[PDB]
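*Asks:* Take this sequence and fold it.
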Amino acid sequence: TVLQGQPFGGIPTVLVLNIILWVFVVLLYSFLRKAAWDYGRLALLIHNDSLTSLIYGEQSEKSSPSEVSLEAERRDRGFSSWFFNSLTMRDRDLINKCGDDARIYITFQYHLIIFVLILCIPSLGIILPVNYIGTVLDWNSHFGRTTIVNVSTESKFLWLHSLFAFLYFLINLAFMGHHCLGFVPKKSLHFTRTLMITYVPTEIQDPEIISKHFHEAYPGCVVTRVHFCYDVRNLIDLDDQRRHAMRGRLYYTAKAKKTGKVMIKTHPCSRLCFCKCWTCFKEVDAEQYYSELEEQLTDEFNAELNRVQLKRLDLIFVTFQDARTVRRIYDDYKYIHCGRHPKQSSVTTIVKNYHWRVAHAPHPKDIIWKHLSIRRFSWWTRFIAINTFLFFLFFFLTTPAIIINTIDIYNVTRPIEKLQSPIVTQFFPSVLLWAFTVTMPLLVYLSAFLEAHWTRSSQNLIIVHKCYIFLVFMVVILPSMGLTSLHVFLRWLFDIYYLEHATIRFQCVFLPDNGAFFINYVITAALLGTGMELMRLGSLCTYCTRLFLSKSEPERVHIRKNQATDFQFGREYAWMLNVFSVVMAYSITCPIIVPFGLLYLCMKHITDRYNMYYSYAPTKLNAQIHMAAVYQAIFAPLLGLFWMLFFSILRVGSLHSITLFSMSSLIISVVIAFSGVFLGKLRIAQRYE
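*Replies:* Numbering: from 1, shown residues only. The protein structure is shown below:
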């Protein structure tokens with residue numbers, strides 16, 4: 001009696017397909033670097049060529065560089081010189097490239113690679129052999145009796161599975177503790193002499209009033225400076241437009257001085273028509289039009305700056321001489337909502353010190369003057385709305401990855417006629433889900449930019465949190481909660497009716513009747529996605545951006561100024577934590593996803609090390625991102641414990657004593673995760689001053 005269950009799974013077919021994809025993409029890179037010239041290195045050289053003083057250039061001492069950049073970017077030239085004779089690294093190859101941020105990257109990366117290695121010893125040599133010996137399924141089936149389906153209900157081995165899950169959450173906590181023991185994070189919150197104050201009445205146009213209030217409230221306190229904020233979004237836009245016009249004017253002036261006047265067409269649709277008729281599009285001088293537009297933009301910028309003084313916001317900045325009085329101000333002002341009246345002065349009635357909420361002012365570079373205007377308590381209701389919209393869109397978008405698995409026949413009594421083709425049944429949903437996961441962070445970034453929150457530190461934290469949470473949701477739970485579909489509803493009434501069916505039917509998990517979908521996804525995602533990451537996936541973004549506004553030839557030089565894209569650590573941690581979460585979720589269940597998880601980790605390291613040294617422009621990382629990424633890493637096995645609880649309740653029962661360890665660990669695991677989190681904040685507090 002055979003109706004479903006794919007023998008040997010889709011693993012071999014997707015394996016040959018992804019190795020073909022990998023060799024194809026590596027050949028495509030090589031041919032792009034050999035035929036499209038220095039596409040991926042000239043932009044990097046231009047970006048680091050003193051961008052602070054790139055528009056204007058002066059001949060200084062030793063103008064010709066001493067091959068500092070040439071020495072590094074001259075090793076990988078041959079086609080075969082990409083893998084061997086290239087690392088010689090032994091934990092010291094690239095420490096002095098990006099700073100301490102790159103140092104913590106692989107610090108955690110390895111605390112992962114060796115972590116998944118120490119997982120590959122018992123999860124391949126203990127749980128896999130004892131799950132293979134299960135015989136509740138059919139012997140003839142392969143990859144169906146190697147997963148958690150094969151362990152029988154009436155057996156003392158699901159206890160081993162759950163206990164192993166608990167001890168593996170413990171060992172992951174130990175690994176992350178070893179990682180945290182060597183964080184020694186840089187003190188990002190330097191003792192700032194300037195504070196940020198909100199809700200300040202706009203009628204106090206004199207900073208002397210605020211200075212007098214601070215002096216009277218705090219004896220012995222000196223106010224260095226007082227700063228006020230203004231609506232400068234239009235000012236910023238006008239400045240950007242003027243900068244673009246000025247750069248284009250210089251480019252066209254140089255072109256005119258070199259090869260004479262150049263005639264261009266201002267209309268964007270001129271390039272669309274190949275018509276050479278004079279009446280179709282009027283031709284105007286490039287430099288004259290550029291100068292006129294720049295003059296008009298400068299006049300509008302001057303008018304906006306003149307009107308800026310009238311648009312005073314309620315956010316102010318006060319600078320003090322000593323940070324001790326700043327700490328006193330913060331300690332007095334943090335608990336205002338608790339009913340304590342802070343220190344007052346003679347002009348406090350105008351000041352209204354009971355309204356002010358003062359915290360440590362972020363760095364001005366971290367401060368974006370355009371998006372500090374995003375502050376209201378009409379918040380947290382748009383957030384639920386945008387979150388619901390994104391969740392519904394992602395559900396309706398990932399539904400095809402589930403419905404492509406079709407539905408069994410159950411109509412005629414002769415299933416010998418034909419069966420499903422493994423290619424589109426297994427590889428296609430996997431690659432399609434991979435494409436959706438790859439395109440997800442773009443939409444997540446767009447949503448976060450729409451929200452814009454309060455400060456960019458919180459913005460990056462909410463990115464690295466919400467992108468990860470949506471990804472693990474869409475990749476673990478609802479792809480399986482909706483994969484409980486194809487439910488057997490026929491002569492066999494409930495799940496365990498032996499009426500006209502063998503033990504192949506298992507309502508607990510019958511996703512492709514074995515669970516091969518997720519391992520198929522992880523292997524294809526590994527190989528294809530890191531083939532894309534070798535080509536960096538940012539090339540498609542650049543292509544789309546140029547196709548959006550392909551015009552105004554000096555804009556090509558403008559693009560080349562910022563053609564080199566820096567590291568987007570949010571996306572890379574999103575990928576790593578997504579696959580880590582899915583592996584930890586199905587590690588104990590199906591142990592075949594473990595060695596392929598090792599393959600993903602090792603090959604991801606292989607690609608991003610080369611990216612680090614030759615395609616990832618160095619740039620510092622905020623410590624909060626890593627301090628949250630470790631928290632996601634430790635919280636990931638709660639997904640696996642939740643899946644173990646799910647399998648206890650469905651397959652085993654409710655009051656069965658095992659359902660309770662999964663029931664208990666999930667409780668002990670969450671309480672221990674909270675303990676570890678608040679211990680991490682406590683250690684930060686210790687290593688804060």
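
*Asks:* Past the host helix or strand of residue 446, which element shows up next along the chain?
*Replies:* Following DSSP states H and E, one finds residue 446 within helix 428-451. Sequence-wise, the next helix or strand downstream of helix 428-451 (DSSP H and E) is helix 456-472.

*Asks:* Can you say which helix or strand has residue 226 in it?
*Replies:* Counting by DSSP H and E, residue 226 is part of strand 223-230.

*Asks:* Check the offset of that strand from the chain's centre.
*Replies:* 36 Å (CA atoms, centre = their mean, to the nearest Å).

*Asks:* which residues in the protein form strands?
*Replies:* 194-198, 223-230, 263-265, 283-285, 312-320, 357-360 (DSSP state E).

*Asks:* Let's have the ones you listed in TSV, adding mean neighbour count and distance to residue 421.
*Replies:* Quick note: C-beta positions are derived from backbone N, CA and C, even for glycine. Shown next, in TSV, are the strands of the chain (neighbours: other CB atoms under 10 Å; distance: least, CB to CB, whole Å):
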stretch	mean neighbour count	distance to residue 421
strand 194-198	20	61
strand 223-230	16	63
strand 263-265	14	53
strand 283-285	14	58
strand 312-320	19	62
strand 357-360	15	60
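
*Asks:* how about those, which one is nearest residue 556?
*Replies:* strand 263-265 (12.9 Å; CB to CB).

*Asks:* contacts for that closest one?
*Replies:* Strand 263-265 is contacted from outside by 271, 281, 282, 283, 284, 285, 286, 289, 553, using CB atoms under 8 Å, 6 or more residues apart in numbering.

*Asks:* any idea how far that strand is from the chain center?
*Replies:* Here the centre of strand 263-265 is set off from its chain's centre by 42 Å, with CA atoms, centre = their mean.

*Asks:* Within the sheet, what are the partner strands of it, with directions?
*Replies:* Partners of strand 263-265 in the sheet, by DSSP bridges, are strand 283-285 (antiparallel).

*Asks:* hang on, the earlier thing: what is the helix holding residue 446 packed up against?
*Replies:* Counting contacts by 3 or more CB pairs under 8 Å, 6 or more residues apart in numbering; DSSP states H and E, helix 428-451 is packed against helix 382-403, helix 456-472, helix 516-534, helix 569-586.

*Asks:* Between the ones you listed, which one is closest to residue 311.
*Replies:* If you check each of the helices and strands packed on helix 428-451 against residue 311 by CB to CB, helix 456-472 wins as the nearest, at 22.6 Å.

*Asks:* Can you check what angle separates the closest one from helix 382-403?
*Replies:* Counting by axes from the mean of the first three to the mean of the last three CA atoms, to 10 degrees, helix 456-472 lies at 30 degrees to helix 382-403.

*Asks:* tell me what helix 456-472 is packed against?
*Replies:* Short answer (3+ CB pairs under 8 Å, 6+ apart): helix 456-472 packs on helix 382-403, helix 428-451, helix 569-586, helix 623-635.

*Asks:* Give me the contact list for the first one.
*Replies:* With contact meaning CB under 8 Å, 6+ apart, helix 382-403 is reached by 429, 432-433, 436, 440, 443-444, 447, 450-451, 466, 470, 473-474, 478-479, 482-483, 485.

*Asks:* next helix or strand past that helix?
*Replies:* helix 422.

*Asks:* where's that following helix relative to the chain centroid, distance-wise?
*Replies:* Centre to centre, stretch against its chain (CA atoms, centre = their mean), the figure for helix 422 is 32 Å.

*Asks:* now swap in stretch 294-306 and tell me
*Replies:* Centroid displacement of stretch 294-306 relative to its chain, using CA atoms, centre = their mean, is 38 Å.

*Asks:* which parts of that stretch are buried?
*Replies:* 294, 297, 298, 301, 304 (16 or more other CB atoms under 10 Å).

*Asks:* cool, and stretch 536-552?
*Replies:* Applying a neighbour-count criterion of 16+ other CB under 10 Å, one finds 536, 537, 538, 552 buried in stretch 536-552.

*Asks:* who's in contact with residue 218?
*Replies:* Counting by CB under 8 Å, 6+ apart, residue 218 makes contact with 325, 328, 329, 343.

*Asks:* List buried residues within those.
*Replies:* Judged by 16+ other CB under 10 Å, buried ones among these: 325, 329, 343.

*Asks:* Would you mind measuring from the first one to residue 219?
*Replies:* Distance of residue 325 to residue 219, computed by CB to CB, to the nearest Å: 10 Å.

*Asks:* The second one now?
*Replies:* Counting by CB to CB, the gap between residue 329 and residue 219 amounts to 13 Å.

*Asks:* and if you look at the last one?
*Replies:* From residue 343 across to residue 219, the span is 10 Å (CB to CB).

*Asks:* do residue 459 as well
*Replies:* In terms of CB to CB, residue 459 sits 38 Å off from residue 219.

*Asks:* Between those two, which has more neighbouring residues?
*Replies:* Just comparing residue 459 and residue 219: by other CB atoms under 10 Å the higher neighbour count belongs to residue 459, 19 against 8.

*Asks:* Residue 361 reaches residue 317, doesn't it?
*Replies:* Yes: between residue 361 and residue 317 there is a contact under CB atoms under 8 Å: 6.1 Å.

*Asks:* which neighbours do these two share?
*Replies:* With CB under 8 Å, 6+ apart as the test, residue 361 and residue 317 both reach 194, 195, 196.

*Asks:* Tabulate the residues you listed (a markdown table), appending distance to residue 135.
*Replies:* Below are those laid out as a markdown table (distance: CB to CB, whole Å):
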| residue | distance to residue 135 |
| --- | --- |
| 194 | 71 |
| 195 | 70 |
| 196 | 67 |
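
*Asks:* Could you single out the nearest of those to residue 232?
*Replies:* Closest to residue 232, out of all of these and judged by CB to CB, is residue 196, at 16.3 Å.

*Asks:* give the contact list for the closest residue to that closest one other than its chain neighbours.
*Replies:* Nearest residue to residue 196, sequence neighbours excluded (CB to CB, 6 or more residues apart in numbering): residue 361, at 4.0 Å. Residue 361 makes contact with 192, 194, 195, 196, 317, 367 under the criterion CB under 8 Å, 6+ apart.

*Asks:* Quick check: the gap between the fifth one and residue 229.
*Replies:* The spacing between residue 317 and residue 229, counted by CB to CB, is 7 Å.

*Asks:* could I get the buried ones among the contacts of residue 218 as CSV with distance to residue 182?
*Replies:* Below are the buried ones among the contacts of residue 218 laid out as CSV (distance: CB to CB, whole Å):
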residue, distance to residue 182
325, 35
329, 35
343, 42
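
*Asks:* What separation is there between residue 53 and residue 60?
*Replies:* Taking CB to CB, one finds residue 53 at 10 Å from residue 60.
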